[PDB]
4 protein chains.
Amino acid sequence: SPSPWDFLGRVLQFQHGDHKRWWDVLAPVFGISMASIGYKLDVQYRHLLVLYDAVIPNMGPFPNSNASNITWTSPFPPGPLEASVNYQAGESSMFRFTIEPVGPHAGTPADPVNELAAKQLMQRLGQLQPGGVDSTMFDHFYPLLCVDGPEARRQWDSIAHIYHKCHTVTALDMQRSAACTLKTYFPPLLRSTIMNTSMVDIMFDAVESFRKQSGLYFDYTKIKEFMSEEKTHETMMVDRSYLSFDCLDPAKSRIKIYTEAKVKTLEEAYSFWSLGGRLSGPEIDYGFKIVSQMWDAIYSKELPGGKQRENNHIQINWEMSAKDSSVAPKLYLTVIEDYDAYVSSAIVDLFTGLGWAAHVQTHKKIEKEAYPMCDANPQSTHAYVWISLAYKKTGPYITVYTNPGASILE
Amino acid sequence: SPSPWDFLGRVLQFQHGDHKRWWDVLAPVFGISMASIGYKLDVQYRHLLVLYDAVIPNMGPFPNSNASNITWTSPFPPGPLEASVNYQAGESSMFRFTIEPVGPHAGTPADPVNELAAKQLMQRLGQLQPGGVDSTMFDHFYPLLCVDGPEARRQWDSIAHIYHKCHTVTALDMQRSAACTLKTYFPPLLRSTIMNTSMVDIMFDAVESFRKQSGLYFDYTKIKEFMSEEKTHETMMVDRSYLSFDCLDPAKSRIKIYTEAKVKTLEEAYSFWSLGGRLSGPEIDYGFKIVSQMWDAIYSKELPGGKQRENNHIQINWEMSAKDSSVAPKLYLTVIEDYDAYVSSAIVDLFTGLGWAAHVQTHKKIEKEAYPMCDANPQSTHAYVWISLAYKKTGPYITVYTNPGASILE
Amino acid sequence: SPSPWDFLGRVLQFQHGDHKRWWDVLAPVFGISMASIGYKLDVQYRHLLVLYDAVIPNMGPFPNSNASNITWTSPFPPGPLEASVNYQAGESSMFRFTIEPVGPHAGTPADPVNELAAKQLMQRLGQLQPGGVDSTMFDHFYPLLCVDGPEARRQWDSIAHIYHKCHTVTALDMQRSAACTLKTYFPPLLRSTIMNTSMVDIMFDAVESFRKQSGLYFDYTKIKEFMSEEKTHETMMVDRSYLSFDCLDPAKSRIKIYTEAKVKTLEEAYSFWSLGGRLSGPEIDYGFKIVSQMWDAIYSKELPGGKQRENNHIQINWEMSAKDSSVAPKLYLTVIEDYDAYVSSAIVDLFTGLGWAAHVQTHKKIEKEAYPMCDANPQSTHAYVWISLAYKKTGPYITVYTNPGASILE
Amino acid sequence: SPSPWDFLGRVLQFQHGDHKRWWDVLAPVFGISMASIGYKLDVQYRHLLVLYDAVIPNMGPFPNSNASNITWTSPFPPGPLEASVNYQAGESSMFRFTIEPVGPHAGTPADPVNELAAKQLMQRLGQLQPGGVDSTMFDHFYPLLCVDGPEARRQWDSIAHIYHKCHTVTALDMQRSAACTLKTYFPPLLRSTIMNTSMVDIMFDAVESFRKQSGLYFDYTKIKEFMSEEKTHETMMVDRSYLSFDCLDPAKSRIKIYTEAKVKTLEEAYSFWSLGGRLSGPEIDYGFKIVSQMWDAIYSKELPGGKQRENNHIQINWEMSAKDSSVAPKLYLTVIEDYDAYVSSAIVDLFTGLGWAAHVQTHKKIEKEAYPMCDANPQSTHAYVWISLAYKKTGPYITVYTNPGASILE
Ligand SMILES: CC(C)[C@@H]1NC(=O)[C@H](Cc2c[nH]cn2)NC1=O
Ligand SMILES: CC(C)[C@@H]1NC(=O)[C@H](Cc2c[nH]cn2)NC1=O
Ligand SMILES: CC(C)[C@@H]1NC(=O)[C@H](Cc2c[nH]cn2)NC1=O
Ligand SMILES: CC(C)[C@@H]1NC(=O)[C@H](Cc2c[nH]cn2)NC1=O
Ligand SMILES: CC(C)=CCSP(=O)(O)OP(=O)(O)O
Ligand SMILES: CC(C)=CCSP(=O)(O)OP(=O)(O)O
Ligand SMILES: CC(C)=CCSP(=O)(O)OP(=O)(O)O
Ligand SMILES: CC(C)=CCSP(=O)(O)OP(=O)(O)O
């Protein structure tokens, strides 16, 4: 019995060779992950056809040997920023993946700001599931945080120095229902650089305007307070922050404020995890015990090439609920330049301690089948990229983010 | 939840508009049938993608208003000759469909004999399922019964008078396993017209040569005897005969000899059903009781336009087993020019008498969902085309053949 | 020797059947026009491939029998708003065509404002000719006059009453050089309806801001004066006005202000042609003599169905030069609901009087070859749509606009 | 002004990525050659679209790094066997190219004999030019010399030892008229290996049968006599012989018998060039003086890697005219494993001696623009493959055959 991705690659007609190459790289990874976590074959077919129809045509050029064709500059290797599996209690596992929608002529004089690809992906996905994409939050936040083509082209001298001219990132939560929840991330770096306004101010002003004109509670007081301090700016790269929302009914959606911090201790990490004691409770302590566990387990081990850990790179989101005044943190450990073996051992020890044996086996199956380089090459550095840790009232919430184009780098 | 054909038509990229139009006509029919008989969604996706990849590109031009584009002449309306559901005991139901593979330029000076389309379909299907298409029987019977392009073009003056220059028909048994069994039919009319040899002789000589060079028992004595008589030729249109084989291991395949007969009584029908008393047993009597039942039930009712039944059009196959000397008949009643309502009532009465209530509901569901014209238009004549009746040792074996392009004629 | 459109339709691979159908309708028309006016075969191939690559994929659904698939409402029949041939002295003839870029899912919940198609066309055309599309004027005028998707979706209640939610129209001057000059038209009806500001004010404020931030002279004083009067509004449908610019270096581009007027006399027509005596000179008088000639020649003749001419429908542009303070008028007579025979006779008499015999034969050749319905059907009403008249210092400037999808309406 | 291949690659939609890659390799070469020899842009577009539509889809997989995807074995690198420019007197230059039509699944269990691709190419080309492909000669010679799929699959044990299971090669003479003359080559190695008959016998029996059933004179007496001798077989690899015909009206076509010979002297070369003194006259002597000139000029120079010339590899055709009893030779020197610089110097010296300065500059332009590796790499071995020499009554006839996929090997 062939697998959905094999059979589909056999039958599917592709509009461009780059789509076929992206397919050959990614469809096995995504399918193996969905299968290992237990998605039904109906659902695998539907999600792989979403990937074929809506995502891959908006993924951009497929890298050649010298990457002479990647005209859209990025610190991230071409392709999805990540494919992720989130593990919770009750053997709950969801597949997700993030893409910075890149057009095929982005970075060229015709699309110097990559303005259409996210919109094309939105449109195609909405056609594939009418009623699955609500553009209310997108329509409010796009003018404020995002920069259109015209504005970016008039104000080019202001932003040409920026290496990654990203303005919209799109993630798909590929649900076990064959439903794909779209999530939009806006890095407002271009907005700030053109308006010479601060990230904090534009983001939270957009949030407050949405509050006003929607009647929904998105409490950002604590986040703004913490993020405007100077002790935070000492470690924070606030220019690396972004705003995320689920593209749904604003009453069922969220707002999330992301920022990057290069820290050295778990005190500086608790600083971001609790916004300076402003957030407290049992969930905070449980989540930070998980954080310290994975910190000691991953960042204690040595790096490749005997390189020293100058500091530890973390990202952080604070999630604001449209129903309540409840800021909840999610801490991302960056592990892209660590040993995939040590990362996997840390994940396995964590799951084992939490009683998640099924998740251990799912993670190992995904590693073995979809990321063979982890065992073939003992000095593997390309598969795993991020570990997200959170503690909801449901329990722990651990997302493992991997590079599904590691094949390309090995 | 969308259906596989809806979602696929949304996502699938088609190489030609005619493929898209054929899809819009046929995918709902085929999917509704597969669903009603209980095929899993995995299997529906796989079979609809076979239809999209291998079949529809070899179905030919999609008819316009005036059919100015159907350059390949045929008595059958463009598209599949039939989509069929076979019903047996134990609530067993299989979906099948028959296509005369027509190229897009067949009947034009470039492909005046339609030589490649069957081969293209064979190749594509074999790629989609390596090991599912055995070409042994095809390779033996193609030179004998079929005519290649070169031979047909040198000997054109001999066959240009033929209206339907068909040489290969291909049917797919779309199994509940998502496996597609390919069956090949060869009408040797062109072979006979060029060699001015008799159909009987070329067909049974090919059968005997396969016997010799394979060591398999295909007893054609009784069939040859019956079909060479003159009383048979009085009713038989032997020039309408053809040879069918399943494209599998010859030891697991069959050979089937088909012929057309326009008869007037059930005595002349028993003549073909038993080869003149040569075939006998309980299966023969049971099957012919079913035949008489459906005869009285369908051909007694009046025709549209008050037209009189000059005679009754039947086809007949005799199936020879590669294991035994066991000729088994299958009798086809032609109902294309009858009332679909009376045909459906006959089918329902038959199933009810046999104790097949699930099959009654499956047939009615397929009629309602995939052939709405049967209820919308009380004078419906386009959906149902054939009723095949047989009695295997397993029990009755009744196949309902419908025109899945009835949409086009209504 | 086949023609470029025949051979290309034979070889070209189309992404969608609608593109193939649009091709079958339009490529003969466009090719016949380009050929009749004398474009080299190299140029015909290049322009037809532009049409195949950039235009037709952004033309929208191809109308079926009942037009059940045209979800984007418009008073204009689906397809190009016009294909035009402009005739000047010296046997100068240029081919042009106008398209309202419509996406394939425009008017549906996924693209309710048709936001991407014009941008996709711009991008594709810029890729096909890097340096041929300057977005400076587009980037300045798009935020002001045009409405993005987000704004249109937040402010939907304000504009849902509008039947034609058009915001960007794109014309291509297909030059004899195989260069395609892109021209962008913005109808600011949505901008005005959302901001409840007047068309005059938003348009001329955008023009003045471009003046300021570009240092180019675009004198709109006379146009604003005339268009804000009340006597003008008595006849003018100012809500039908739009702003056009050539997508080039603003110093080599133009600005043009278009408005519709349903008038009854040539006094009311001179009112628009001279902005109320504000524009004067020999060019004005010559051009208006041509206007009166064609008025008497076309609108004197009777209509089909014996319907009476309630009034005469004209459009008008005033062209402002980036170099000088020189407003120049161009008057459009609407002839869509006249007899194509009388329109053609008027055109021929005009050309003959002007000494344009080559143009007479070019026009008759285009009528005969690309619009046969004009002779086949004596009561032809679908081919010709507009006659534009102007008198530049070079001489007369007469553009004949035709519906290149008349095939679809006959 | 872009070139036809650049613009077309920009606009053309490709059915498969391999077609796009083959295009990127070959369209510049073919276009540069056609342009350098003076084909009009109309003609370049038409021929490149033939290449895009009919040829490249039947060229087969595009080789990856390790050629893991070339499942169809061949001594020749994947792609065209050659692109050629023929030079004659009067500054006459014609572009040609040869392809062994390979399907995309040839060499796999579904197409183990590559049976359809030549037929698909024939059909597509005939559609692109109805009346340009006459299948009379093809229809007569295909059953005799070529092996169909069924025969090759029944008789597999007889031919599986053959490395190159080629049966049909197709060349296109891309005329300055934008007309493409198709030429078919049949290597009957499979026919002989299955029938265990000699190449000579099957080929000349097919020729004699065509004579009989056509009334055309194809004198093969001298060729048969020479090729059946034993002294010839001492040097001749008769199993490497093939039969060529132009796919036209047999009265305007030719028959050509090709064979390979690895010789050591020009006496052994004259043996093939004159069939052992059987062919004589001034043309023979002139052509062989040209042959000796190029022999001394090319095979005297040393090889790369200091490897010794064991012997010199030549091919030879004898052309029989459907009008006369006139066998004419054409001698092919193999130069694939020589220095491209010495080959080019020999060609240039030859042309110069013949007074062909325009041809010298055309050849140098093609080398510089389409084969830059010849100057970039002084040790170039991949561009030039063959030099054909003949002396018709018109004068010399020198064809330079190059590998248009040298890019892939450098
Ligand atoms: C790409 C963009 C500039 C911005 N920056 C980031 O670092 C993260 C990337 C990421 C994916 N999964 C975990 N982290 N997301 C973003 O949207
Ligand atoms: C089409 C061909 C000439 C030949 N003739 C026929 O009548 C039947 C058609 C058929 C399909 N299902 C039931 N009957 N089959 C054949 O192969
Ligand atoms: C379509 C749009 C609303 C707007 N309105 C019009 O009437 C004209 C149409 C037109 C095409 N060629 C001559 N006249 N142009 C426009 O841009
Ligand atoms: C490929 C086939 C087996 C056979 N063998 C050959 O050697 C030549 C190849 C060739 C191309 N141009 C000059 N020589 N042609 C053929 O048809
Ligand atoms: C996805 C990129 C753009 C940032 C990392 S965050 P993630 O959101 O994918 O995880 P969650 O939705 O918060 O569950
Ligand atoms: C299918 C056409 C060509 C003839 C009617 S016969 P059928 O074979 O489809 O039915 P069976 O295989 O005999 O079961
Ligand atoms: C083209 C539509 C949108 C309006 C009619 S005006 P036209 O501009 O095509 O003619 P000109 O450029 O003014 O020459
Ligand atoms: C072309 C391959 C198959 C063999 C070399 S011969 P060529 O025929 O291309 O040259 P001519 O037609 O003889 O002019």
Side-chain angles (χ1 to χ4, degrees), chain B residues 65, chain C residues 21-22 24-26 28-30 32-33 36 59 62-67 70 73-87 95-100 163-164 169 237 240 260-264 269 291 293-315 331-351 359-360 362-389 398-410:
Chain B
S65 66
Chain C
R21 283 158 71 64
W22 281 128
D24 291 325
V25 178
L26 303 167
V29 188
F30 292 16
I32 291 160
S33 306
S36 304
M59 197 170 280
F62 185 92
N64 59 21
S65 66
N66 60 3
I70 310 299
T73 57
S74 189
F76 318 93
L81 311 177
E82 55 78 14
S84 46
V85 180
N86 174 72
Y87 312 88
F95 183 71
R96 297 183 170 89
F97 74 92
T98 305
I99 185 172
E100 184 214 341
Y163 186 63
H164 196 196
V169 172
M237 305 174 273
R240 314 264 58 88
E260 304 202 23
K262 274 165 177 145
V263 290
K264 291 203 309 312
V291 174
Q293 173 169 347
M294 283 293 267
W295 190 285
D296 308 17
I298 303 178
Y299 287 150
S300 284
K301 313 288 190 278
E302 84 295 346
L303 287 179
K307 173 177 141 170
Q308 303 310 109
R309 282 188 204 287
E310 318 188 30
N311 44 18
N312 295 309
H313 194 194
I314 63 155
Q315 307 198 16
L331 188 53
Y332 302 180
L333 304 174
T334 312
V335 302
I336 179 164
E337 280 314 281
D338 296 331
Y339 282 121
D340 291 1
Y342 291 141
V343 174
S344 296
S345 199
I347 292 163
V348 172
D349 285 325
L350 170 69
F351 290 1
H359 289 313
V360 166
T362 304
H363 167 254
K364 277 155 153 293
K365 187 177 172 188
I366 295 164
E367 209 186 0
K368 183 175 51 150
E369 287 163 17
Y371 300 99
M373 73 292 288
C374 300
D375 289 330
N377 179 2
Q379 307 208 240
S380 177
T381 42
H382 290 320
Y384 291 104
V385 293
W386 286 288
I387 322 301
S388 297
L389 300 165
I398 294 97
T399 310
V400 188
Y401 306 71
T402 55
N403 187 26
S407 158
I408 308 172
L409 313 179
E410 289 284 323

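Below, each value reflects all heavy atoms present in this structure, side chains not excepted, and no hydrogens, waters or symmetry copies. Letters A, B, ... are given to chains in the order of the sequence lines, protein chains preceding strands, and every chain is numbered from 1.
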Enquirer: Going by the rule ring-ring contact (aromatic ring centres under 6.0 Å, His included), which residues pair with C:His363 if we only count those two or more places apart in sequence or in a different chain?
Expert: C:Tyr384
Enquirer: Going by the side-chain hydrogen bond (donor to acceptor under 3.5 Å, both in side chains) test, which pairs reach into residues 294-303 of chain C, not counting sequence neighbours?
Expert: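 The answer is C:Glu302-C:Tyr342.
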Enquirer: Between C:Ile298 and C:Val335, which heavy-atom pair has the shortest distance, and what is it?
Expert: CG2-CG1, 4.0 Å
Enquirer: Can you tell me if C:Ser33 uses its side chain to pair, donor with acceptor, with the backbone of C:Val29 under 3.5 Å?
Expert: yes
Enquirer: Specify the closest pair of heavy atoms between C:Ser36 and C:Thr362, including all atoms of both residues, with the distance to one decimal.
Expert: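 Distance-wise, the nearest heavy atoms are O-CG2, 3.7 Å.
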Enquirer: Relative to the ring of C:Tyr401, is the ring of C:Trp386 parallel (under 30°), tilted (30 to 60°) or perpendicular (over 60°)?
Expert: perpendicular
Enquirer: Could you check whether any side-chain N or O of C:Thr73 sits under 3.5 Å from a backbone N or O of C:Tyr163, counting only pairs where one atom can act as donor and the other as acceptor?
Expert: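 Indeed, once roles are kept as given, a pair shorter than 3.5 Å links the two residues.
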Enquirer: Show me the side-chain donor-acceptor pairs of residues 365-376 of chain C shorter than 3.5 Å, one per line, residues at least two apart or across chains.
Expert:
| unit_1 | atom_1 | unit_2 | atom_2 | d |
| --- | --- | --- | --- | --- |
| C:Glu367 | OE2 | C:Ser344 | OG | 2.6 |
| C:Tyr371 | OH | C:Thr402 | OG1 | 2.6 |

Enquirer: C:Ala67: what forms a side chain to side chain contact (heavy atoms under 4.5 Å, CB included) with it, not counting sequence neighbours?
Expert: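 With neighbours one apart ignored, the set is C:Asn64, C:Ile70.
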Enquirer: Among all residues two or more places apart in sequence or in another chain, which pass the ring-ring contact (aromatic ring centres under 6.0 Å, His included) test with C:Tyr87?
Expert: C:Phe351, C:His359
Enquirer: First locate atom CD1 of C:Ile336, then atom NE2 of C:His313, and finally report the distance between them rounded to the nearest 0.5 Å.
Expert: 10.5 Å
Enquirer: Got a sec, which residues hit salt bridge (charged side-chain N to carboxylate O under 4.0 Å, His left out) with C:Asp349, two or more places apart in sequence or on another chain?
Expert: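 Checked C:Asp349 against salt bridge (charged side-chain N to carboxylate O under 4.0 Å, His left out); zero matches.
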Enquirer: Using side-chain hydrogen bond (donor to acceptor under 3.5 Å, both in side chains) as the criterion, list what pairs up with C:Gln315, not counting sequence neighbours.
Expert: C:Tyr242
Enquirer: Could you tabulate the donor-acceptor pairs under 3.5 Å formed by side-chain atoms of residues 403-410 of chain C, not counting sequence neighbours?
Expert:
none

Enquirer: Under the salt bridge (charged side-chain N to carboxylate O under 4.0 Å, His left out) rule, collect the residues that match up with C:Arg96, sequence neighbours excluded.
Expert: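 Result, salt bridge (charged side-chain N to carboxylate O under 4.0 Å, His left out) vs C:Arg96: C:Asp173.
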Enquirer: Determine which pairs satisfy salt bridge (charged side-chain N to carboxylate O under 4.0 Å, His left out) with at least one residue from residues 304-314 of chain C, sequence neighbours left out, and list them in order.
Expert: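 Applying salt bridge (charged side-chain N to carboxylate O under 4.0 Å, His left out) to every pair that reaches into residues 304-314 of chain C, excluding sequence neighbours, yields C:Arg309-C:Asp338.
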Enquirer: Which heavy atom of C:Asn312 sits nearest a heavy atom of C:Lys264, and at what distance?
Expert: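 Closest approach of C:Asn312 to C:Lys264, heavy atoms only: ND2-O, 4.3 Å.
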Enquirer: Please identify each residue that fulfils side-chain hydrogen bond (donor to acceptor under 3.5 Å, both in side chains) with C:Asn86, with sequence neighbours left out.
Expert: C:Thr399
Enquirer: Who pairs with C:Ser74 by side chain to side chain contact (heavy atoms under 4.5 Å, CB included), at least two apart in sequence or on another chain?
Expert: C:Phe76, C:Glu100, C:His164
Enquirer: Kindly determine whether C:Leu26 and C:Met59 satisfy side-chain contact (heavy atoms from CB on, under 4.5 Å), including the steps that lead there.
Expert: CA-CA 11 Å; C:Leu26 303 167; C:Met59 197 170 280; 3.4 Å; yes
Enquirer: Indicate the atoms forming the closest heavy-atom contact of C:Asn311 with C:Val263, along with that distance.
Expert: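 Answer, listing the atom of C:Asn311 first, then C:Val263: CB-O, 3.3 Å.
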